[PDB]
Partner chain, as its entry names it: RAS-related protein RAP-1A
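Before any questions on binding or motion, here is one chain by itself as structure tokens, the form deposited without the partner chain.
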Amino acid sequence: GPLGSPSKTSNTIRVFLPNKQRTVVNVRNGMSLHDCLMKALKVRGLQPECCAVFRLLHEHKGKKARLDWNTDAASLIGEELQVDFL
């Protein structure tokens, strides 16, 4: 995606689950997209360290895109991610 500061006020990110479910994660200043799942995987029983994702969007391009887990999630809030298992 563009990766920047979209919308007026947003502190979350859209995650897609490989079990037909979808969940968002909250942001706290300085949070990472991969680190924010710890709340996700504990409640649902996932593993973030054993899962990796690519970014999907309704615009479509025809290519696959990898996510930078070392980047700031609160910096690019308004991003879309689909988590697949390794």
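Residue numbers count along the first chain shown, from 1.
What follows is about the form solved in complex with the partner chain, which we do not show.
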(message) Just checking whether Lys64 would be counted as a contact of the partner chain in the entry with it bound - the rule being heavy atoms within 4.5 angstroms.
(response) no
(request) Decide whether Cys50 counts as a contact residue for the partner chain in the entry with it bound under a heavy atom distance cut-off of 4.5 Å. (result) no
(request) Would you please decide whether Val25 lies within 4.5 angstroms of the partner chain in the entry with it bound, comparing each non-hydrogen atom pair? (result) yes
(message) Taking the partner chain as it sits in the entry with it bound, is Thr12 in contact with it (heavy atom to heavy atom, 4.5 Å or less)?
(response) yes
(message) Could you pull out the residues of 32-68 that have any heavy atom within 4.5 Å of the partner chain in the entry with it bound?
(response) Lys39, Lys42, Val43, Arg44, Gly45
